[PDB]
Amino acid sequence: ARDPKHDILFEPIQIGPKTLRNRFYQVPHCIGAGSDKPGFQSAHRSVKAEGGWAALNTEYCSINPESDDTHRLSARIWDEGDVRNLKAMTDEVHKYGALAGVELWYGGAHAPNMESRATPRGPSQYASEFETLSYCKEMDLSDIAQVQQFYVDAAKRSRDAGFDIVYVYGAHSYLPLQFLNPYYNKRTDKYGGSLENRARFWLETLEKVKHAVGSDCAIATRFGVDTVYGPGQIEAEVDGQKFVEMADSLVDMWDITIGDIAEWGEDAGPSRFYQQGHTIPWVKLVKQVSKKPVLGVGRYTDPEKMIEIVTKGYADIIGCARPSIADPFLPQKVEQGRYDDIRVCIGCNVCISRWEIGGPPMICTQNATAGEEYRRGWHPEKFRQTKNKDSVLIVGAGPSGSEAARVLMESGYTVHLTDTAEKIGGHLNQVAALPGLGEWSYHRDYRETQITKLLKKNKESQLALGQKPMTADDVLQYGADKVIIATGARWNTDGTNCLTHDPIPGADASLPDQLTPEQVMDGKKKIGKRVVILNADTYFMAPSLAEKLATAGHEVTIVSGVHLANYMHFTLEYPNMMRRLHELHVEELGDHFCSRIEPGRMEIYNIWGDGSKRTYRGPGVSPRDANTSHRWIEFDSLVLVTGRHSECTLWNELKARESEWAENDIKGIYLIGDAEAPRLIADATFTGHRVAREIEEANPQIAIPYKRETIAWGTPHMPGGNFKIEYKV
């Protein structure tokens, strides 16, 4: 039963001519579908509609070809073909009684236009601080009228597509905000200077959009109320609140964010730096002066926090993006009082990293069905029930093993999950202990909670933790119909890395002065004062250990052969991470790797040290002059973060003795997660989810085909268009 305190979250709220059934609102957010993958777009949004969310929005939607984000993927409302594709989403969302919204976007120079090759226009000419080679043309008065017209035309197509909510997008430093912000706007005419002038472009656009579709659609505006850069850009109590007062009568609802685009991690707060509700100080400032419904994201996943902001008058609606990805059924579970079934977002930003990389579909660390709803037919809360009585033994309870266990149990199988470790979680139990990664434990907390309750539904299922390591013989005679090996991976101990694919002479983590990430995290092995971290990995391990060690008083130097924290650019953690390492005085030696290690010292070299000229000098000799940049640096302790290797000995033994499987009535043994190949936690979780869903297929080791959303030759995107080659001659 739902706690009566949460009843307020289920009261309807009027937004202009529309009514939200409850206070759960999915703000606009990327998923890697746009108007190019209609199935993905409709399935992902409609499951949330089924899940109870009051309104579902598309991601930023380009109003015209001159605002093309390629290589990144945005939605598009350019023509009739887009209207058709996007309607599939509004139709499916309406089916479950929810509203559908679109976020009208024009990016200025922030849009690289790599597909269209068109020229972006802006208030003044500038080179984007995000897309450094992208420049825009300064707009004259007719340019302004024309772009405003693009918005009107787009709003009209949106109504045709079935959208109930139309946004004039002014967050993440996009067009309307560029005119408002002096950082971009250097004009001296009526569209620049004073706030009245700087606000003019936005005010006129809102008015024109309202005039065109305001009777049929709710007009909302997304606004970056503070750029969080201090004086120089937008400040909430200066221009921020004043603009709200000015535009209040034209808008039906305010959707608030903070930050710009280069650092939008200030908005999409990674759990590494920000807790739930991190945006409250800025968001509440809007309610204070607005007379319209206000909402502002803040990684809300806890109903207690949700009621707090609402009853305290900080917001009227609960806007979420990531929380809705991790759990499309969040509203329903709160309504039904099923608090323990809520799959809480861990704020890892891996979903976002996909958008930033440009082009690939979204994936989620918690929800392995995100992005898979349409192409694989995986509903996050509905599982195909087994008709047989097969039992499954799962060796390893990490992200992959525990997810496979959870899905199989949900499907009705009898499962036996075992691990030598005392708790479910595998390597993730160590990872969440790294500085700032505490919330990543929700991944294992959820699986622990779920597996425990699922055990009550089938007494033949068993959970055996803190056990002795399973052996080949133990597995063969266990008596399970099928076996899933999810034994994980370990960090290399001999220097093996992606640059050479070979060990490094002198690297041995069993030595007193060398450690692996595991040895550092266990905290038993002593670590000297001067620490050198040798890195060949582009994600979080090296910087996280550097932070941990520096805060403990060690002198840290990171020698990196690959771009340090590269992947963190995509998760939006990079800027604050660099600032953190800087305040801790961590020295970084990029573009360098190690050729040999000795006790207390190592020889490093610049990776660009070979001669620039290539000459054919015959066999046995390099075609470039020798690298002579080698130099030795000393250390008290050397931490090796060179790469990982699959722990697949058990698997290898079982495979060698495959002929014995039949004799023991073993129908199949499958290898998943890091034990198959070291992966991102999200993908490790996915492999477990997949073998569980496809356990009855011919070969669960390899995935069955998924529906592909690619154009079919002979079918034009434009209704009634000619698909054939036509040269203009």
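Just count from 1 along the sequence shown to find any residue number.
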Mean Cα B-factor comparison, 378-386 or 615-623, giving the higher one as deposited = 615-623
inquiry  = Per the record, averaged over C-alpha atoms, which has the higher B-factor: 103-111 or 141-149?
reply    = 141-149
request  = Go through 72, 530, 187, 447 one by one and give the residue whose Cα B-factor in the PDB entry is largest.
outcome  = 530
request  = Between 603, 316, 460, 164, let me know which has the highest C-alpha B-factor in the entry?
outcome  = 460
remark   = Here the Cα B-factor of residue 670, set against its chain, lands in the third termed middle
message = Splitting the chain's C-alpha B-factors into thirds, which one does residue 193 fall into?
response = middle
key: Ranked against its chain, the third holding the CA B-factor of residue 298   = middle
ask   = Relative to the other modelled residues in the chain, which third contains the C-alpha temperature factor of residue 207: lowest, middle or highest?
value = highest
query = Lowest, middle or highest third: where is residue 598 by C-alpha B factor in its chain?
reply = middle
